[PDB]
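First to last, the protein sequences are chains D and C.
Add 100 to a position in the first sequence, counting from 1, and you land on the number used in the authors' numbering.
To convert, note that position 67 of the second sequence is 67 in the authors' numbering; the numbers rise steadily by one, no gaps.
Think of the CB as a built atom: it goes at the ideal place given N, C-alpha and C, for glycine as much as any other residue.
Report on one structure; see the data block that follows.
Number of protein chains: 2
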Amino acid sequence: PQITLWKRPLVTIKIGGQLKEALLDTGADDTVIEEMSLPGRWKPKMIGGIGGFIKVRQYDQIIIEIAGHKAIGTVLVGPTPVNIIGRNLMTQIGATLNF
Amino acid sequence: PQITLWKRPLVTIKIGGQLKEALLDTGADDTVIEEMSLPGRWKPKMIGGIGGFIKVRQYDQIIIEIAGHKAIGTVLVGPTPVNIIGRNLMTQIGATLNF
Ligand SMILES: CCCC[C@H](NC(=O)[C@H](C)NC(=O)[C@H](CCC(=O)O)NC(=O)[C@H](Cc1ccccc1)NC[C@H](CC(C)C)NC(=O)[C@@H](NC(=O)[C@@H](N)CCCNC(N)=[NH2+])C(C)C)C(N)=O
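If you want it as structure tokens, here you go:
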């Protein structure tokens, strides 16, 4: 679908079998999801943003559905104020910025 | 144009008579530009992101050119690690997300 930006670009995602709402973020290299239990092996990582760095748990090759489109890649789980879908998964579903 | 997300979506912007590179961020509600001596009246504000909040100076009715497209709105100036063009300005150049 073509998404305008008058409102935050929020979409429904399915992760670990459960439904969540996330923000399509072109300014995020990675995908960061709020703290949750996810079946899998993880490794600690640190990511940075506008206010600084946060510790996250890195999960590889996770199957996630973003607005009905399937993607399989890295998902970081930690104390983010909001769930964000970064470029790593957006490229998988073929998202582009147009104007 | 159509911008793919393999790399960070950076564009050239013109502000206060200066040319710089900025990141098109659909996950940013506001526009944040690196510290610069802009003339005019401003008001203190604190903006947050991943990691926390930073103090910025809010300037209204700022004329900016994003990739050859003129826009006008609020611009926050502060110690940001990178210039960020948010939704407030992206909606003015008719930018959309498509997948
Ligand atoms: C796996 C670890 C290695 C990789 C790791 N990578 C990074 O750290 C890379 C550079 N970081 C990023 O790409 C991060 C997102 C996290 C991530 O993708 O990892 N991007 C970001 O954090 C980008 C800005 C940015 C871009 C590049 C560099 C620096 C900063 N901001 C994303 C962010 C999303 C928002 C929904 C929380 N937006 C904002 O921070 C904007 N804020 C807003 O729009 C607020 N008004 C909303 C706040 C919500 N309200 C509330 N809490 N009451 C701000 C720019 C005006 C590293 N380098 O350590």
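Taking only the alpha-carbon atoms, compute the straight-line gap between residue i and residue j and give it to the nearest angstrom.
i, j, result
"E21/C", "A28/C", "16 Å"
"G68/C", "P181/D", "33 Å"
"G86/C", "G117/D", "32 Å"
"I115/D", "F199/D", "31 Å"
"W42/C", "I72/C", "16 Å"
"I66/C", "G40/C", "21 Å"
"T196/D", "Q2/C", "6 Å"
"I63/C", "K70/C", "7 Å"
"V75/C", "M36/C", "11 Å"
"residue 102/C", "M90/C", "Since the displayed chain C opens at 1 and closes at 99, residue 102/C lies outside it and no answer follows."
"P144/D", "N188/D", "18 Å"
"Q92/C", "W106/D", "9 Å"
"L138/D", "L23/C", "32 Å"
"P179/D", "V32/C", "23 Å"
"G151/D", "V177/D", "18 Å"
"residue 184/C", "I84/C", "The first residue shown for chain C is 1 and the last is 99, placing residue 184/C beyond what the model contains."
"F153/D", "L119/D", "27 Å"
"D30/C", "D130/D", "20 Å"
At 7 Å on the CB atoms, spell out the chain C contacts of residue i, in chain order.
i, result
"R187/D", "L5"
Let's test the definition: count the other Cβ atoms within 10 Å of the Cβ of residue i and tell me whether it reaches 16, buried, or not, exposed.
i, result
"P9/C", "buried"
"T4/C", "exposed"
"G194/D", "exposed"
"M46/C", "exposed"
"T112/D", "exposed"
"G48/C", "exposed"
What residues of chain D sit near residue i, judged by a beta carbon separation below 8 Å?
i, result
"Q2/C", "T196, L197 and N198"
List, in order along the chain, the chain D residues whose C-beta lies closer than 9 Å to that of residue i?
i, result
"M90/C", "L105, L197 and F199"
Quick one: list the residues of chain C neighbouring residue i, beta-carbon separation under 9 Å, in chain order.
i, result
"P109/D", "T26, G27, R87 and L97"
"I184/D", "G27 and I50"
"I193/D", "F99"
Counting only Cβ pairs nearer than 8 Å, list the residues of chain C close to residue i.
i, result
"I147/D", "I50"
"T180/D", "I50"
"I154/D", "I50 and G51"
Using the beta-carbon of each residue, which ones in chain D are nearer than 7 Å to residue i?
i, result
"residue 159/C", "Because chain C in this structure spans residues 1 to 99, residue 159/C falls outside the shown range and cannot be described."
Check: Using 8 Å as the Cβ pair cut-off and three pairs as the minimum, do the segment 157 to 165 of chain D and the segment 52 to 67 of chain C touch?
Finding: no
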